[PDB]
Amino acid sequence: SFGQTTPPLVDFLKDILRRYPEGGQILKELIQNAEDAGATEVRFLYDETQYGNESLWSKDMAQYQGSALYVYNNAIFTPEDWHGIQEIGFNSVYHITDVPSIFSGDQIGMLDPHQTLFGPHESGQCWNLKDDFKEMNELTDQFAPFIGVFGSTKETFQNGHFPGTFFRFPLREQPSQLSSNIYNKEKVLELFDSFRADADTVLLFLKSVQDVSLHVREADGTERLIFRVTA
């Protein structure tokens, strides 16, 4: 027995990140993603909030319960958008996080290129707000980071549908096999700064997205508008 095998997912993606390193390109790639989905608005939120570690899908999920960059847009994923997302585009987010989550309509999906969280040959997991209602309700700490941002409420989960899209990117606090990039508040606000330099012109390329804003949420829950640009 003899032959080549394609590299493991994490190595394939490490190579893509090596070939495309990014600062402020990350915000631009995420804006492009929203434009491609027909969004008219994009909101970035740096969130200081740390969440609980009691009611998680598994103990290894605790490391992703901390500070995050969230990114909202007002389009709702189609099945094709969900297929599309499973494969620089969205992959630039791995500069920031090891486990991005995506919440759109009736589904939350988490991606795990390290392939350790969800079983041995799995690279992510998804929950349906209707079909998995019972489990999601029990896993209070797991889904708290999806409630109370961008107009999502406990009511959202009762109805079973969020009429929009947001991502949660828990900020990597130490190097992984995917990336050694560590983000903190300072580094994220530096990303917000790069963008703000270019903000006018970035909307010139775009025909759907007409409003981009940057916000910060403190641990006490207070939130500030950092910057907005409109068409």
# chains A, B, ... in the order shown; residues from 1 in each chain; ligands from 1
call {"tool": "closest_atom_pairs", "arguments": {"of": "range 17-67 of chain A", "to": "range 145-152 of chain A", "cutoff": "12 Å", "atoms": "only C-alpha atoms", "output": "CSV"}}
result
residue,atom,partner,partner_atom,distance
A:41,CA,A:150,CA,11.8
A:42,CA,A:150,CA,10.8
A:43,CA,A:150,CA,8.6
A:44,CA,A:150,CA,10.1
A:45,CA,A:149,CA,9.1
A:46,CA,A:149,CA,11.3
A:47,CA,A:149,CA,9.9
A:48,CA,A:145,CA,11.5
A:49,CA,A:145,CA,8.8
A:50,CA,A:145,CA,9.0
A:51,CA,A:145,CA,7.1
A:52,CA,A:145,CA,9.6
A:53,CA,A:145,CA,11.7
A:56,CA,A:145,CA,11.5
A:64,CA,A:145,CA,10.3
A:65,CA,A:145,CA,7.9
A:66,CA,A:145,CA,9.3
A:67,CA,A:145,CA,10.0
call {"tool": "residues_around", "arguments": {"residues": "residue 76 in chain A", "least_positions_apart": "5", "cutoff": "6 Å", "atoms": "only C-alpha atoms", "output": "PyMOL selection string"}}
result
chain A and resi 104+164-165
call {"tool": "select_by_dssp", "arguments": {"residues": "range 8-225 of chain A", "states": "strand (DSSP E)", "output": "PyMOL selection string"}}
result
chain A and resi 41-47+68-73+101-105+107-111+124-128+162-170+211-217+223-225
call {"tool": "residues_around", "arguments": {"residues": "range 196-211 of chain A", "least_positions_apart": "3", "cutoff": "12 Å", "atoms": "only C-alpha atoms", "output": "MDAnalysis selection string"}}
result
chainID A and resid 24:25 27:44 72:75 189:193 214 226:231
call {"tool": "write_last_selection", "arguments": {"atoms": "N, CA and C atoms", "output": "short mmCIF file (atom, residue, chain, number, x, y, z; two decimals), in the first residue's frame"}}
result
data_model
loop_
_atom_site.label_atom_id
_atom_site.label_comp_id
_atom_site.auth_asym_id
_atom_site.auth_seq_id
_atom_site.Cartn_x
_atom_site.Cartn_y
_atom_site.Cartn_z
N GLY A 24 -6.31 44.46 7.93
CA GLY A 24 -7.60 45.15 7.81
C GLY A 24 -8.41 44.60 6.66
N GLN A 25 -7.71 43.86 5.80
CA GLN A 25 -8.31 42.90 4.88
C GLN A 25 -9.33 41.95 5.50
N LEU A 27 -11.62 42.65 7.90
CA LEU A 27 -12.90 43.35 7.91
C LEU A 27 -13.45 43.49 6.48
N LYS A 28 -12.56 43.75 5.52
CA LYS A 28 -12.98 43.89 4.12
C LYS A 28 -13.51 42.59 3.53
N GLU A 29 -12.85 41.47 3.84
CA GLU A 29 -13.30 40.15 3.38
C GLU A 29 -14.68 39.84 3.97
N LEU A 30 -14.91 40.24 5.22
CA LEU A 30 -16.24 40.02 5.85
C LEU A 30 -17.35 40.92 5.30
N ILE A 31 -16.99 42.16 4.99
CA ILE A 31 -17.88 43.03 4.23
C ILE A 31 -18.21 42.48 2.85
N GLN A 32 -17.19 41.98 2.14
CA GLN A 32 -17.42 41.31 0.84
C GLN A 32 -18.36 40.11 0.95
N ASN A 33 -18.20 39.33 2.01
CA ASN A 33 -19.07 38.20 2.29
C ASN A 33 -20.55 38.65 2.44
N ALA A 34 -20.76 39.77 3.13
CA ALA A 34 -22.12 40.29 3.31
C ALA A 34 -22.69 40.85 2.00
N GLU A 35 -21.85 41.53 1.23
CA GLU A 35 -22.22 42.04 -0.09
C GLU A 35 -22.67 40.88 -0.98
N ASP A 36 -21.90 39.79 -0.94
CA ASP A 36 -22.20 38.60 -1.75
C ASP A 36 -23.54 37.97 -1.37
N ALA A 37 -23.91 38.08 -0.11
CA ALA A 37 -25.19 37.58 0.39
C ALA A 37 -26.38 38.56 0.18
N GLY A 38 -26.10 39.74 -0.37
CA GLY A 38 -27.12 40.78 -0.61
C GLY A 38 -27.49 41.61 0.62
N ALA A 39 -26.64 41.60 1.64
CA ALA A 39 -26.84 42.44 2.83
C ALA A 39 -26.77 43.93 2.47
N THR A 40 -27.43 44.78 3.25
CA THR A 40 -27.32 46.23 3.05
C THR A 40 -26.62 46.89 4.21
N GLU A 41 -26.41 46.13 5.29
CA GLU A 41 -25.83 46.67 6.50
C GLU A 41 -24.86 45.66 7.06
N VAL A 42 -23.72 46.12 7.58
CA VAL A 42 -22.77 45.24 8.32
C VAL A 42 -22.36 45.91 9.64
N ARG A 43 -22.42 45.17 10.73
CA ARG A 43 -22.05 45.70 12.03
C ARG A 43 -21.01 44.81 12.68
N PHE A 44 -19.88 45.39 13.06
CA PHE A 44 -18.84 44.71 13.80
C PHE A 44 -18.98 45.07 15.26
N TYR A 72 -22.35 41.18 12.15
CA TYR A 72 -23.76 40.97 11.82
C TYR A 72 -23.95 41.47 10.41
N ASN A 73 -24.83 40.84 9.65
CA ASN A 73 -25.37 41.51 8.46
C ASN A 73 -26.85 41.15 8.36
N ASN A 74 -27.60 41.91 7.58
CA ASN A 74 -29.05 41.78 7.61
C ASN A 74 -29.64 40.86 6.54
N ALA A 75 -28.78 40.14 5.83
CA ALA A 75 -29.24 39.07 4.94
C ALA A 75 -29.43 37.80 5.75
N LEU A 189 -9.06 46.85 18.04
CA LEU A 189 -9.24 48.28 17.84
C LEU A 189 -8.28 48.87 16.79
N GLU A 190 -7.09 48.29 16.70
CA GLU A 190 -6.17 48.51 15.58
C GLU A 190 -6.77 48.06 14.23
N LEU A 191 -7.48 46.94 14.22
CA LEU A 191 -8.20 46.52 13.02
C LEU A 191 -9.30 47.53 12.67
N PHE A 192 -10.07 47.96 13.68
CA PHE A 192 -11.08 49.00 13.51
C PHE A 192 -10.48 50.29 12.96
N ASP A 193 -9.26 50.60 13.40
CA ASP A 193 -8.51 51.77 12.91
C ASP A 193 -8.07 51.71 11.44
N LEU A 214 -18.96 50.04 13.54
CA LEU A 214 -18.09 49.37 14.49
C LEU A 214 -18.48 49.79 15.89
N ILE A 226 -18.42 53.10 17.81
CA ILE A 226 -17.05 53.58 17.61
C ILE A 226 -17.00 54.43 16.32
N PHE A 227 -17.66 53.94 15.27
CA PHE A 227 -17.56 54.52 13.94
C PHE A 227 -18.68 54.00 13.04
N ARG A 228 -19.24 54.88 12.22
CA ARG A 228 -20.12 54.45 11.13
C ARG A 228 -19.76 55.13 9.81
N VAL A 229 -19.81 54.36 8.73
CA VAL A 229 -19.80 54.93 7.39
C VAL A 229 -21.05 54.50 6.58
N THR A 230 -21.65 55.45 5.87
CA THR A 230 -22.79 55.14 4.99
C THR A 230 -22.50 55.58 3.55
N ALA A 231 -23.17 54.94 2.58
CA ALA A 231 -23.50 55.56 1.30
C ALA A 231 -24.52 56.67 1.51
#
call {"tool": "residues_around", "arguments": {"residues": "residue 172 in chain A", "least_positions_apart": "2", "cutoff": "9 Å", "atoms": "only C-alpha atoms", "output": "VMD selection string"}}
result
chain A and resid 63 to 64 67 to 68 95 to 99 169 to 170 174 to 176 179 to 184
call {"tool": "write_last_selection", "arguments": {"atoms": "C-alpha atoms", "output": "PDB file, in the first residue's frame"}}
result
ATOM      1  CA  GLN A  63     -11.877  27.868  25.911  1.00  0.00           C
ATOM      2  CA  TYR A  64     -14.221  29.527  23.341  1.00  0.00           C
ATOM      3  CA  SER A  67     -14.036  37.795  24.321  1.00  0.00           C
ATOM      4  CA  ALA A  68     -15.149  37.793  20.673  1.00  0.00           C
ATOM      5  CA  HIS A  95      -6.490  34.626  11.538  1.00  0.00           C
ATOM      6  CA  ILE A  96      -8.682  35.637  14.537  1.00  0.00           C
ATOM      7  CA  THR A  97     -10.348  32.494  15.844  1.00  0.00           C
ATOM      8  CA  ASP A  98     -10.086  28.706  15.869  1.00  0.00           C
ATOM      9  CA  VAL A  99     -13.845  28.065  16.166  1.00  0.00           C
ATOM     10  CA  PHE A 169     -15.348  34.763  16.483  1.00  0.00           C
ATOM     11  CA  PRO A 170     -13.999  33.935  19.943  1.00  0.00           C
ATOM     12  CA  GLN A 174      -2.876  31.428  22.550  1.00  0.00           C
ATOM     13  CA  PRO A 175      -1.370  29.928  19.384  1.00  0.00           C
ATOM     14  CA  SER A 176      -3.017  26.911  17.794  1.00  0.00           C
ATOM     15  CA  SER A 179      -2.372  30.194  13.623  1.00  0.00           C
ATOM     16  CA  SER A 180      -0.157  31.936  16.119  1.00  0.00           C
ATOM     17  CA  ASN A 181      -2.106  35.202  15.817  1.00  0.00           C
ATOM     18  CA  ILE A 182      -3.403  36.353  19.149  1.00  0.00           C
ATOM     19  CA  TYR A 183      -5.994  39.086  19.327  1.00  0.00           C
ATOM     20  CA  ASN A 184      -6.761  41.302  22.268  1.00  0.00           C
TER      21      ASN A 184
END
call {"tool": "select_by_dssp", "arguments": {"residues": "range 25-109 of chain A", "states": "alpha helix (DSSP H)", "output": "number ranges by chain"}}
result
A: 25-36, 79-85
call {"tool": "write_last_selection", "arguments": {"atoms": "N, CA, C and O atoms", "output": "PDB file, in the first residue's frame"}}
result
ATOM      1  N   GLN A  25      -7.710  43.857   5.799  1.00  0.00           N
ATOM      2  CA  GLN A  25      -8.305  42.902   4.877  1.00  0.00           C
ATOM      3  C   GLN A  25      -9.330  41.952   5.498  1.00  0.00           C
ATOM      4  O   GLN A  25     -10.264  41.544   4.813  1.00  0.00           O
ATOM      5  N   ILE A  26      -9.165  41.590   6.772  1.00  0.00           N
ATOM      6  CA  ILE A  26     -10.159  40.731   7.412  1.00  0.00           C
ATOM      7  C   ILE A  26     -11.546  41.389   7.467  1.00  0.00           C
ATOM      8  O   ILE A  26     -12.544  40.753   7.107  1.00  0.00           O
ATOM      9  N   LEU A  27     -11.618  42.647   7.898  1.00  0.00           N
ATOM     10  CA  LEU A  27     -12.903  43.351   7.913  1.00  0.00           C
ATOM     11  C   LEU A  27     -13.446  43.486   6.483  1.00  0.00           C
ATOM     12  O   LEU A  27     -14.638  43.311   6.257  1.00  0.00           O
ATOM     13  N   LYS A  28     -12.559  43.753   5.522  1.00  0.00           N
ATOM     14  CA  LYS A  28     -12.981  43.894   4.123  1.00  0.00           C
ATOM     15  C   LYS A  28     -13.509  42.594   3.532  1.00  0.00           C
ATOM     16  O   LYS A  28     -14.512  42.619   2.813  1.00  0.00           O
ATOM     17  N   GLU A  29     -12.847  41.470   3.844  1.00  0.00           N
ATOM     18  CA  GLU A  29     -13.305  40.150   3.376  1.00  0.00           C
ATOM     19  C   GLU A  29     -14.682  39.835   3.971  1.00  0.00           C
ATOM     20  O   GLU A  29     -15.523  39.242   3.294  1.00  0.00           O
ATOM     21  N   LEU A  30     -14.911  40.238   5.224  1.00  0.00           N
ATOM     22  CA  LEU A  30     -16.236  40.021   5.849  1.00  0.00           C
ATOM     23  C   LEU A  30     -17.348  40.924   5.305  1.00  0.00           C
ATOM     24  O   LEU A  30     -18.515  40.489   5.159  1.00  0.00           O
ATOM     25  N   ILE A  31     -16.987  42.160   4.989  1.00  0.00           N
ATOM     26  CA  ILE A  31     -17.880  43.031   4.234  1.00  0.00           C
ATOM     27  C   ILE A  31     -18.206  42.475   2.845  1.00  0.00           C
ATOM     28  O   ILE A  31     -19.384  42.492   2.428  1.00  0.00           O
ATOM     29  N   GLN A  32     -17.187  41.975   2.142  1.00  0.00           N
ATOM     30  CA  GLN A  32     -17.418  41.314   0.841  1.00  0.00           C
ATOM     31  C   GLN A  32     -18.361  40.112   0.953  1.00  0.00           C
ATOM     32  O   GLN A  32     -19.195  39.889   0.089  1.00  0.00           O
ATOM     33  N   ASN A  33     -18.197  39.328   2.015  1.00  0.00           N
ATOM     34  CA  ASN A  33     -19.071  38.205   2.291  1.00  0.00           C
ATOM     35  C   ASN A  33     -20.547  38.652   2.440  1.00  0.00           C
ATOM     36  O   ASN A  33     -21.468  37.997   1.937  1.00  0.00           O
ATOM     37  N   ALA A  34     -20.764  39.768   3.126  1.00  0.00           N
ATOM     38  CA  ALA A  34     -22.118  40.292   3.310  1.00  0.00           C
ATOM     39  C   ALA A  34     -22.694  40.850   2.004  1.00  0.00           C
ATOM     40  O   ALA A  34     -23.878  40.666   1.711  1.00  0.00           O
ATOM     41  N   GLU A  35     -21.850  41.533   1.232  1.00  0.00           N
ATOM     42  CA  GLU A  35     -22.218  42.037  -0.094  1.00  0.00           C
ATOM     43  C   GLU A  35     -22.668  40.881  -0.979  1.00  0.00           C
ATOM     44  O   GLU A  35     -23.711  40.970  -1.649  1.00  0.00           O
ATOM     45  N   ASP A  36     -21.904  39.786  -0.940  1.00  0.00           N
ATOM     46  CA  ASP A  36     -22.198  38.600  -1.752  1.00  0.00           C
ATOM     47  C   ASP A  36     -23.536  37.972  -1.374  1.00  0.00           C
ATOM     48  O   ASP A  36     -24.209  37.394  -2.216  1.00  0.00           O
ATOM     49  N   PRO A  79     -29.886  27.839   1.891  1.00  0.00           N
ATOM     50  CA  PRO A  79     -29.165  26.557   1.871  1.00  0.00           C
ATOM     51  C   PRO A  79     -27.853  26.644   1.086  1.00  0.00           C
ATOM     52  O   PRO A  79     -26.849  26.055   1.485  1.00  0.00           O
ATOM     53  N   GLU A  80     -27.870  27.387  -0.016  1.00  0.00           N
ATOM     54  CA  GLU A  80     -26.670  27.608  -0.818  1.00  0.00           C
ATOM     55  C   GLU A  80     -25.607  28.430  -0.074  1.00  0.00           C
ATOM     56  O   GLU A  80     -24.403  28.154  -0.186  1.00  0.00           O
ATOM     57  N   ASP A  81     -26.052  29.429   0.692  1.00  0.00           N
ATOM     58  CA  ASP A  81     -25.141  30.185   1.565  1.00  0.00           C
ATOM     59  C   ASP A  81     -24.513  29.277   2.623  1.00  0.00           C
ATOM     60  O   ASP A  81     -23.339  29.414   2.924  1.00  0.00           O
ATOM     61  N   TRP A  82     -25.295  28.349   3.172  1.00  0.00           N
ATOM     62  CA  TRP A  82     -24.779  27.380   4.154  1.00  0.00           C
ATOM     63  C   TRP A  82     -23.780  26.400   3.548  1.00  0.00           C
ATOM     64  O   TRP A  82     -22.701  26.200   4.088  1.00  0.00           O
ATOM     65  N   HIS A  83     -24.148  25.796   2.421  1.00  0.00           N
ATOM     66  CA  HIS A  83     -23.212  25.067   1.571  1.00  0.00           C
ATOM     67  C   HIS A  83     -21.972  25.894   1.202  1.00  0.00           C
ATOM     68  O   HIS A  83     -20.847  25.403   1.295  1.00  0.00           O
ATOM     69  N   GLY A  84     -22.184  27.143   0.794  1.00  0.00           N
ATOM     70  CA  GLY A  84     -21.102  28.031   0.369  1.00  0.00           C
ATOM     71  C   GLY A  84     -20.083  28.232   1.467  1.00  0.00           C
ATOM     72  O   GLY A  84     -18.873  28.205   1.223  1.00  0.00           O
ATOM     73  N   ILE A  85     -20.578  28.401   2.691  1.00  0.00           N
ATOM     74  CA  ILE A  85     -19.728  28.711   3.838  1.00  0.00           C
ATOM     75  C   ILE A  85     -18.815  27.547   4.247  1.00  0.00           C
ATOM     76  O   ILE A  85     -17.794  27.764   4.890  1.00  0.00           O
TER      77      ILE A  85
END
call {"tool": "atom_distance", "arguments": {"atom1": "CA of residue 70 in chain A", "atom2": "CA of residue 220 in chain A"}}
result
17.0 Å
call {"tool": "residues_around", "arguments": {"residues": "residue 158 in chain A", "least_positions_apart": "4", "cutoff": "10 Å", "atoms": "only C-alpha atoms", "output": "PyMOL selection string"}}
result
chain A and resi 129-130+133+137+153-154
call {"tool": "closest_residue", "arguments": {"among": "A:22, A:106, A:223, A:112", "to": "residue 86 in chain A", "atoms": "only C-alpha atoms"}}
result
A:112
call {"tool": "atom_distance", "arguments": {"atom1": "CA of residue 23 in chain A", "atom2": "CA of residue 224 in chain A"}}
result
22.7 Å
call {"tool": "atom_distance", "arguments": {"atom1": "CA of residue 61 in chain A", "atom2": "CA of residue 78 in chain A"}}
result
27.4 Å
call {"tool": "decode", "arguments": {"residues": "range 94-111 of chain A", "atoms": "N, CA and C atoms", "output": "short mmCIF file (atom, residue, chain, number, x, y, z; two decimals), in the first residue's frame"}}
result
data_model
loop_
_atom_site.label_atom_id
_atom_site.label_comp_id
_atom_site.auth_asym_id
_atom_site.auth_seq_id
_atom_site.Cartn_x
_atom_site.Cartn_y
_atom_site.Cartn_z
N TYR A 94 -9.97 32.74 10.28
CA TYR A 94 -9.09 31.87 11.05
C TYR A 94 -7.78 32.57 11.48
N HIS A 95 -7.53 33.77 10.96
CA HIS A 95 -6.49 34.63 11.54
C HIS A 95 -6.79 35.06 12.98
N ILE A 96 -8.07 35.00 13.36
CA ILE A 96 -8.68 35.64 14.54
C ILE A 96 -9.10 34.56 15.54
N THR A 97 -9.67 33.47 15.02
CA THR A 97 -10.35 32.49 15.84
C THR A 97 -10.08 31.09 15.34
N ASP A 98 -10.10 30.12 16.25
CA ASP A 98 -10.09 28.71 15.87
C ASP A 98 -11.44 28.05 15.64
N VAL A 99 -12.49 28.64 16.22
CA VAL A 99 -13.85 28.07 16.17
C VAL A 99 -14.87 29.15 15.88
N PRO A 100 -15.00 29.53 14.61
CA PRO A 100 -16.06 30.50 14.28
C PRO A 100 -17.46 29.88 14.40
N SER A 101 -18.42 30.68 14.84
CA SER A 101 -19.81 30.26 14.83
C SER A 101 -20.58 31.15 13.89
N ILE A 102 -21.64 30.58 13.30
CA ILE A 102 -22.50 31.27 12.35
C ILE A 102 -23.95 31.05 12.77
N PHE A 103 -24.70 32.13 12.95
CA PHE A 103 -26.12 32.07 13.37
C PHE A 103 -26.91 32.81 12.30
N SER A 104 -27.71 32.06 11.54
CA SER A 104 -28.56 32.68 10.55
C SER A 104 -29.87 31.91 10.44
N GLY A 105 -30.99 32.64 10.50
CA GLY A 105 -32.29 32.00 10.38
C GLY A 105 -32.50 30.98 11.48
N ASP A 106 -32.75 29.73 11.10
CA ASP A 106 -33.04 28.68 12.10
C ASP A 106 -31.86 27.78 12.50
N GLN A 107 -30.63 28.17 12.17
CA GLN A 107 -29.46 27.31 12.39
C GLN A 107 -28.29 28.04 13.02
N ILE A 108 -27.61 27.39 13.95
CA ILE A 108 -26.26 27.81 14.39
C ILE A 108 -25.25 26.74 14.00
N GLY A 109 -24.16 27.15 13.35
CA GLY A 109 -23.14 26.20 12.86
C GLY A 109 -21.83 26.63 13.48
N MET A 110 -21.03 25.67 13.93
CA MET A 110 -19.66 25.96 14.40
C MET A 110 -18.67 25.16 13.60
N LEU A 111 -17.55 25.80 13.28
CA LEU A 111 -16.52 25.16 12.45
C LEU A 111 -15.29 24.86 13.29
#
